[PDB]
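As the structure lists them, so they are numbered: ligands from 1, and atoms in each ligand from 1. Just so it is clear, the values below take in all heavy atoms, side chains as well, and ignore hydrogens, waters and symmetry mates. We're numbering straight along the sequence, starting at 1.
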Amino acid sequence: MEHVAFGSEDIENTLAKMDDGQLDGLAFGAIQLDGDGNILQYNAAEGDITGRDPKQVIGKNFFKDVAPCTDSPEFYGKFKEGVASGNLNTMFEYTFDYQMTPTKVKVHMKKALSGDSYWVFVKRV
Ligand SMILES: *C(=O)/C=C\c1ccc(O)cc1
């Protein structure tokens, strides 16, 4: 397994070196979106939480297509504020409940070392 801690301070650096295969080796959910909320990477752990087959949701829009409950000032709004600012690093709990058993999760959004990419780390609480 990949030894990366959820919430680590230099995580963006650590995952920068990871391909899709290795990303599935993480101990938590990992999603990489571009500036518009489209899905670039999506590991199996995140699939374990929501029920999405990793390969099937990539290319989809997270907020419009995949996770509509996250479309609110409390999630999507924080994301759109960060992209525009060119800086994002916020952690907060949330309840995943669209087409699934309400699952309470801890969410960590942070700008990736890459140009226009943003990470969404999730773990059960
Ligand atoms: C709200 O909709 C939050 C998370 C989420 C993501 C994917 C799926 O399928 C359900 C729920």
Side-chain angles (χ1 to χ4, degrees):
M1 172 169 77
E2 273 310 307
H3 47 288
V4 67
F6 181 100
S8 289
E9 20 178 297
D10 296 298
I11 182 164
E12 63 257 52
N13 283 67
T14 313
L15 295 201
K17 63 178 181 180
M18 269 172 248
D19 46 301
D20 106 89
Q22 280 187 50
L23 199 53
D24 301 329
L26 301 185
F28 47 76
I31 324 167
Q32 195 186 211
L33 306 299
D34 58 26
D36 297 312
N38 299 304
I39 305 171
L40 298 179
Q41 292 179 293
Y42 193 103
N43 69 14
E46 189 52 29
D48 291 347
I49 296 176
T50 66
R52 298 318 179 84
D53 182 297
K55 301 303 184 183
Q56 285 187 52
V57 288
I58 300 175
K60 301 278 183 56
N61 183 279
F62 189 66
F63 306 100
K64 183 182 174 190
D65 313 322
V66 181
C69 74
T70 69
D71 181 8
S72 64
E74 295 220 85
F75 197 130
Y76 182 31
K78 299 185 184 169
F79 177 75
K80 69 111 183 175
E81 244 186 298
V83 177
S85 302
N87 171 70
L88 183 64
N89 181 33
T90 183
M91 197 173 298
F92 59 88
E93 309 196 312
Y94 207 77
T95 293
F96 285 12
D97 64 7
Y98 181 63
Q99 283 178 163
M100 59 181 278
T101 307
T103 307
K104 203 167 301 179
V105 300
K106 183 164 181 168
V107 181
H108 181 193
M109 283 190 294
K110 188 170 192 179
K111 181 184 180 63
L113 211 184
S114 182
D116 249 306
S117 57
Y118 305 79
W119 288 106
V120 189
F121 307 118
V122 189
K123 75 169 185 176
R124 198 161 193 187
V125 291

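Side-chain rings of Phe79 and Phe62 stay apart, their centers remaining 6.0 Å or farther from each other.
Near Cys69, meaning under 4.0 Å from one of its heavy atoms, ligand 1 places the atoms 1 (C), 2 (O), 3 (C). For ligand 1, the atoms closer than 4.0 angstrom to any heavy atom of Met100 are 10 (C), 11 (C). Taking every non-hydrogen atom of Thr70 and a distance limit under 4.0 Å, the qualifying atoms of ligand 1 come out as 1 (C), 3 (C). Per-residue contacts place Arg52 under 4.0 angstrom from the following atoms of ligand 1 (heavy atoms of the residue considered): 8 (C), 9 (O).
Residue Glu46 forms a side-chain contact (heavy atoms from CB on, under 4.5 Å) with just one option from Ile39, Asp24, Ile31, and that option is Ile31.
In terms of modelled atom types and a separation under 3.5 Å, the side chain of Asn61 and the main chain of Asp36 share a donor-acceptor contact.
Salt-bridge annotation for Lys110 and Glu12: present, with a side-chain N of the basic residue lying under 4.0 Å from a carboxylate O of the acidic one.
For ligand 1, the polar-atom distance check against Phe62 finds no nitrogen or oxygen pair separated by under 3.5 Å.
For atom 10 (C) of ligand 1, the closest non-hydrogen atom of the protein is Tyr98 O, 3.1 Å. Ranking the protein heavy atoms by distance from atom 5 (C) of ligand 1 puts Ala67 CB, 3.7 Å first.
Note on ligand 1: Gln99 sits outside its first shell, no heavy atom being nearer than 4.0 Å.
For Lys80, the NZ atom is loosely surrounded, since the number of other residues' heavy atoms within 6.0 Å does not exceed 12.
Looking only at side-chain heavy atoms (C-beta outward), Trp119 and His108 stay at 4.5 Å or farther from each other.
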